[PDB]
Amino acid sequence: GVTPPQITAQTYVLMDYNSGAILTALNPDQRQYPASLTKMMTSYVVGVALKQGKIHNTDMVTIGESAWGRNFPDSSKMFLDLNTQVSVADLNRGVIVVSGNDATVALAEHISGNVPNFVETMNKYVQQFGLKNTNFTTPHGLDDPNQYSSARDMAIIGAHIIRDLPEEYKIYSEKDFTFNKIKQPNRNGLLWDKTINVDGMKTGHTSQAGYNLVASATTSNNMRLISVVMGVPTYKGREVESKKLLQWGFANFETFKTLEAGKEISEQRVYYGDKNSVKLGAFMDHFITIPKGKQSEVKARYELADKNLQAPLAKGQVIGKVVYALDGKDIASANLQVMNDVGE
């Protein structure tokens, strides 16, 4: 690990999307008011519901007094007027591009019938993503001391959007959105930065800490990073510190695939079964992140759990580990599985 940059932020994390490794961090698990990053979870619920066919972008949703722009007087909004009908596509675009508070209530009610129930789906996914430092009480992120997240949990949430909802994630790089004759911009300034390929994700601010932003950027070789900064003093500062994390990341590290799903990488002798050997590999891709330039020098080896393999063997069975070393230290590992059944 070389020198991490000096970052003006209460909390932050930088992480390779593909391998999940944290390249640098400060209080990654410290609890923070998520403010509008809450809308990332809200859009996750909406995007899964669209993906599963439980709602359709063409659903026309009726705006009544609880979704009405008037109830969000000093906060971001898409300007939904009472007694109009609005498509789920517009609503979701409005949550995603301009953090519309009125749009999130409208969606929560359309999907879950009311807001407390919708919020519970948000918390379902909190469990299902494996997060330990997040809890939502709203679909919009209005501050509440029972509502919190962390830099690492928000990195995990943004990876799931990018990974589970590729079609929805595209909306996150739209630069503005017009609705009800009002045009408002995406607030992630990094989308205008031609010198880096930022294509997400979401901004926020809370008087408890400062300004926050979740950004993700790619390289021509498909390296993808995700940064999160929280409690930054200035709203311009948050784009600067983020760009600092990302560029340090792309400057200093690289990511490569060490295993391909389904591929047989090895043959191993088996004792007492229907064949004399068995193919080993992994049923999923695997990726590691190393200092840039160092791919040549990485060395893989096995650690079967047992000395030799004895039948019966089940396809998919984990019988050991591939261990990756660089310059004499073990940097990264991954399961090794049996690829075909061996009975008897």
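One-based numbering along the sequence shown.
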Per the entry, higher mean C-alpha B factor between 214-222 and 154-162: 214-222
Higher-scoring stretch by recorded Cα B factor average, 8-16 or 316-324: 316-324
Selection from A251, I111, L131, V229 [criterion: highest C-alpha temperature factor in the record]: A251
Member of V61, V298, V45, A67 with the greatest C-alpha B factor (per the PDB record): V298
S76 CA temperature factor, ranked by third within the chain: middle
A305 - which third its CA temperature factor falls in, relative to the rest of the chain: highest
Record-listed C-alpha B factor of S266: chain third: highest
CA B-factor placement of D274, once the chain's modelled residues are sorted into thirds: highest
Chain third (lowest, middle, highest) by recorded CA B-factor, residue given as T289: highest
